[PDB]
Trainee: 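Would you mind keeping the following structure in view while I ask a few things?
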Amino acid sequence: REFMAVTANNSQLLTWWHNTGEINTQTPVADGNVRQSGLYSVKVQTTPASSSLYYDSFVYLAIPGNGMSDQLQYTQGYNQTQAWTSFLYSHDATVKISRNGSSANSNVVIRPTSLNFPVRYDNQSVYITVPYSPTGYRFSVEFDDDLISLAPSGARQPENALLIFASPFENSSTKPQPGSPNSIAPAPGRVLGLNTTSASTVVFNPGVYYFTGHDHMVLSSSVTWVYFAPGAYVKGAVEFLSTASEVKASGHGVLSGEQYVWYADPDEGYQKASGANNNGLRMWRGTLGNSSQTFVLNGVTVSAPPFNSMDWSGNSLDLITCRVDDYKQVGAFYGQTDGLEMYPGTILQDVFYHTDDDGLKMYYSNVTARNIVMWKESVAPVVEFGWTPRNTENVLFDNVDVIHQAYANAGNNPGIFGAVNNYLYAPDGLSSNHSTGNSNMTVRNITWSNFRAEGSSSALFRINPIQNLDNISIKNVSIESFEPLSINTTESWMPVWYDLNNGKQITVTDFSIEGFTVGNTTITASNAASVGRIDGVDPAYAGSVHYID
Ligand SMILES: *[C@@H]1O[C@H](CO)[C@@H](O)[C@H](O)[C@H]1NC(C)=O
Ligand SMILES: *[C@@H]1O[C@H](CO)[C@@H](O)[C@H](O)[C@H]1NC(C)=O
Ligand SMILES: *[C@@H]1O[C@H](CO)[C@@H](O)[C@H](O)[C@H]1NC(C)=O
Ligand SMILES: *[C@@H]1O[C@H](CO)[C@@H](O)[C@H](O)[C@H]1NC(C)=O
Ligand SMILES: *[C@@H]1O[C@H](CO)[C@@H](O)[C@H](O)[C@H]1NC(C)=O
Ligand SMILES: *[C@@H]1O[C@H](CO)[C@@H](O)[C@H](O)[C@H]1NC(C)=O
Ligand SMILES: *[C@@H]1O[C@H](CO)[C@@H](O)[C@H](O)[C@H]1NC(C)=O
Ligand SMILES: *[C@@H]1O[C@H](CO)[C@@H](O)[C@H](O)[C@H]1NC(C)=O
Ligand SMILES: *[C@@H]1O[C@H](CO)[C@@H](O)[C@H](O)[C@H]1NC(C)=O
Ligand SMILES: *[C@@H]1O[C@H](CO)[C@@H](O)[C@H](O)[C@H]1NC(C)=O
Ligand SMILES: *[C@@H]1O[C@H](CO)[C@@H](O)[C@H](O)[C@H]1NC(C)=O
């Protein structure tokens with residue numbers, strides 16, 4: 001009979017397919033269709049490896065502009081595309097990647113490079129041995145003959161990326177069990193009524209769903225759980241109306257914003273927002289009441305966000321906290337596609353971020369984020385804590401691998417650790433005016449450890465002390481190489497700042513750097529400037545920046 005995909009559904013491996021897959025690299029796909037990679041084929045086999053059968057795993061594809069040519073102006077203008085595949089496993093597995101029959105053999109580089117997964121080449125295919133881990137893995141497979149140079153940094157990156165998201169099975173806390181109370185399971189196609197349903201749980205089983213570019217998933221006040229099953233592909237954006245103790249989004253399905261134009265404004269027919277009013281449609285949105293709420297986000301893959309990925313509405317955001325795990329953001333080619341907000345007390349781990357703006361937004365206290373892989377695009381720092389002076393303390397960001405960066409100029413506000421200017425006076429974040437800070441606020445007890453920047457990188461830090469800084473520690477940070485000196489994105493700095501109202505000088509206390517390396521060179525106080533390119537620390541703060549060797 002004619003060939004057909006064969007998927008796995010057993011205790012060791014789960015893969016899925018879409019019969020409405022559409023090969024398309026220039027226009028929007030049909031409402032009920034799913035853009036599929038025409039370049040990469042992926043199959044998975046549970047070890048031990050043998051002549052046994054390999055199971056097909058659907059490879060999704062995201063492209064800049066989502067097929068809307070008039071939206072390309074809102075991207076960086078690169079021709080890069082991003083493909084990815086997800087599967088669940090509970091045992092070591094071999095991932096077999098195949099390109100078309102006419103493609104020549106080419107070695108690959110897996111990022112993060114610290115994974116060191118066994119790789120073998122045979123039968124015009126690439127075999128990667130992915131070990132099982134309860135936290136799973138999220139990595140990039142980069143073919144040497146697919147690398148291109150991104151101007152003006154010259155960064156060497158895949159023209160057609162392929163991401164592999166291997167995740168653990170779903171337990172009863174992330175998957176609606178049989179007999180789950182008061183649930184609703186919409187049929188494939190246009191999804192209606194969720195904004196008025198009396199259901200508590202919305203279940204998206206395998207299939208394709210869409211809300212169009214002029215509506216989104218507004219969930220009624222009774223909905224406290226939305227589930228995206230592995231094999232479910234939902235075109236839309238989520239907004240909870242519930243003010244309950246917990247609102248949750250889980251499952252390993254996909255939530256895609258590809259039908260929305262950049263900066264789509266829900267209050268204006270979803271047309272591009274007027275005057276950068278900051279009302280672009282978020283992929284995750286909620287609204288607080290007068291009581292605490294926890295946002296649990298687990299397993300989901302978000303693709304093609306039309307604006308910031310997430311923000312909660314409310315006068316007091318101190319009552320919201322997040323619990324994020326095994327989550328990914330892909331195909332975020334548009335500008336201002338920020339990573340998630342990590343509200344007070346948040347625990348975020350095992351995440352993959354493709355972002356063209358603020359990545360790890362350190363705006364709240366008692367936050368812990370670890371095991372993150374980031375494909376930083378061309379705008380904003382990897383870590384952001386500028387824009388507005390704040391009282392923030394007790395933060396730990398650990399094990400963050402920035403596998404790529406492609407900045408272009410100083411105006412992009414480049415840097416691994418950055419704090420841009422005050423948004424109220426410098427909307428684009430860059431200004432020589434450093435007298436709008438707040439001497440009455442302090443960011444304290446911050447730890448950024450085990451950060452790794454692969455390939456060419458921007459500056460270690462570009463920090464505006466818009467409020468006092470105290471006890472900030474950088475422990476273990478490796479930069480493989482620096483971007484070109486000519487694009488002015490690699491020199492680190494920290495200018496002296498002053499209080500907006502009384503002119504009191506903002507203070508910096510105990511800012512330590514340890515285990516900082518550039519390529520094969522260890523950075524110390526002696527070569528901090530000449531090799532580490534740290535030459536912009538204000539003389540007033542120089543004595544507060546310590547190199548622990
Ligand atoms: C086959 O794959 C190569 C990359 O290996 C790609 O450049 C080429 O366009 C593909 N052939 C076609 C026409 O599908
Ligand atoms: C994509 O852009 C790169 C430069 O960044 C260029 O080398 C490559 O030829 C372009 N690909 C196509 C199909 O034009
Ligand atoms: C529910 O959402 C639909 C759009 O899908 C909208 O037309 C309708 O007015 C909404 N219902 C209410 C009560 O807001
Ligand atoms: C795997 O099988 C289970 C049980 O029949 C089913 O609920 C699930 O949808 C299947 N997964 C897929 C997408 O094939
Ligand atoms: C929060 O609002 C509810 C509903 O109006 C009310 O019953 C409750 O007393 C309020 N809680 C506080 C802290 O005032
Ligand atoms: C941080 O957690 C501590 C408990 O260790 C608590 O006292 C403090 O209020 C929290 N800070 C914020 C702003 O949530
Ligand atoms: C400091 O922050 C860490 C997180 O990095 C937290 O575990 C610890 O309780 C905080 N205590 C202080 C003030 O050092
Ligand atoms: C800096 O900006 C503030 C806020 O707009 C303004 O009040 C002040 O005059 C500016 N100072 C300089 C150096 O122009
Ligand atoms: C920094 O890396 C070294 C590698 O030898 C490791 O021993 C140390 O624990 C790391 N420091 C932190 C705080 O993770
Ligand atoms: C980098 O950008 C800053 C701010 O735009 C500017 O002051 C500096 O001169 C630039 N670096 C150089 C010397 O080109
Ligand atoms: C260190 O890196 C530089 C630049 O890549 C290279 O020229 C040099 O040979 C390297 N030295 C060692 C000992 O690896």
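For this chain, numbers begin at 1 and follow the sequence in order. Start at 1 and go down the list; that is how both ligands and their atoms are numbered. Keep in mind that the numbers below use all heavy atoms, side chains included, and drop hydrogens, waters and symmetry copies.
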Trainee: Is the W312 ring parallel, tilted or perpendicular to the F240 ring (thresholds 30°, 60°)?
Mentor: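 Judged by the thresholds at 30° and 60°, the geometry between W312 and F240 is tilted.
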Trainee: Give the atoms of ligand 8, by number and element, whose distance to some non-hydrogen atom of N433 is under 4.0 Å.
Mentor: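 So the atoms of ligand 8 that pass are 1 (C), 2 (O), 3 (C), 8 (C), 10 (C), 11 (N), 12 (C), 13 (C), 14 (O).
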Trainee: Which class fits the ring pair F117 and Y137: parallel under 30°, tilted 30 to 60°, perpendicular over 60°?
Mentor: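 Perpendicular: the ring planes of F117 and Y137 meet at over 60°.
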Trainee: Would you please indicate if the ring centroids of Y74 and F307 are separated by under 6.0 Å?
Mentor: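 No, ring centres 6.0 Å or more apart.
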Trainee: List for me each residue that meets side-chain hydrogen bond (donor to acceptor under 3.5 Å, both in side chains) alongside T392, sequence neighbours excluded, and say none if there are none.
Mentor: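 Partners of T392 by the side-chain hydrogen bond (donor to acceptor under 3.5 Å, both in side chains) criterion come out as none, since no residue qualifies.
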Trainee: On the 0 to 90° scale, with breaks at 30° and 60°, tag the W375-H404 ring pair as parallel, tilted or perpendicular.
Mentor: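 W375 vs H404 ring planes: tilted.
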Trainee: With atoms numbered from 1 as shown, which atoms in ligand 8 lie under 4.0 angstrom from a non-hydrogen atom of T436?
Mentor: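 Reading through ligand 8 atom by atom, the close ones are 2 (O), 3 (C), 4 (C).
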Trainee: Parallel, tilted or perpendicular for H354 and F333, by the 30°/60° rule?
Mentor: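 The arrangement is perpendicular - the two ring planes meet at more than 60°.
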Trainee: Going by the order shown, which atoms of ligand 8 are within less than 4.0 Å of some heavy atom of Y425?
Mentor: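 The list of qualifying atoms is 4 (C), 5 (O).
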Trainee: List the protein residues in contact with ligand 7, where contact means a heavy-atom separation under 4.0 angstrom.
Mentor: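 Close residues (ligand 7, cut-off 4.0 Å): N394, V395, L396, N445.
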Trainee: For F385, run the ring pair (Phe, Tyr, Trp, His ring centres under 6.0 Å) check against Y364, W448, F397, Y363 and tell me which one passes.
Mentor: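 Running ring pair (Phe, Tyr, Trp, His ring centres under 6.0 Å) over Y364, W448, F397, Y363 with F385 returns exactly one hit, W448.
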